[PDB]
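S.K.: structure for the following, please:
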Amino acid sequence: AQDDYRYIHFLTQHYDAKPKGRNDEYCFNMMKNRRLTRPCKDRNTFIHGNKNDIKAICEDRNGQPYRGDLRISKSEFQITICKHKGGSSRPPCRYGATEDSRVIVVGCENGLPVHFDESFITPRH
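M.R.: Residues are numbered from 1 along each chain as shown. Structure data below:
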């Protein structure tokens, strides 16, 4: 097929439409399901909600240029941040979850989001 991989890969590592727990157990299962445990990833953010509005950050409908090559969202998104506990690089990879709603920063390629900026911090609520 025509490379849609980076976009699908972004969705696999960062998207979960309708989550139910958004707690520590949620992160443990999700990091395992999405294959981010070998080695344990230190931090990973899952975005929830409408997929179309995430893709829309790559265009002017829901995004603005940020730091030249990135895009910052116009609207807030419900997100769950999973942060690794302990000093081991091996499973079981335990995580602490943080629920939040904020604007996010992503990198796009061909109008599709392909990178999530985990380093971005926001004007708090």
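S.K.: contacts and neighbour counts: CA atoms only from here.
M.R.: Fine.
S.K.: residues in contact with residue 27?
M.R.: Shown in contact with residue 27 (C-alpha atoms under 8 Å, 6 or more residues apart in numbering): 82, 94, 95, 96, 97.
S.K.: next: residue 38.
M.R.: 89, 90, 91.
S.K.: tell me the secondary structure for residue 115?
M.R.: What DSSP: H, G, I helix; E, B strand; the rest coil gives for residue 115 is strand.
S.K.: do the same with residue 55
M.R.: Going by three-state DSSP: residue 55 is helix.
S.K.: rewinding a little: what is the most widely separated pair among the contacts of residue 27?
M.R.: Within these, 94 and 97 form the most distant pair, 10.0 Å apart (C-alpha to C-alpha).
S.K.: rewinding a little: now distance to residue 62 and secondary structure too, for the contacts of residue 27, in TSV please.
M.R.: What follows is these, written out as TSV (distance: C-alpha to C-alpha, whole Å; DSSP: H, G, I helix; E, B strand; the rest coil):
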residue	distance to residue 62	secondary structure
82	25	strand
94	34	coil
95	31	strand
96	30	strand
97	26	strand
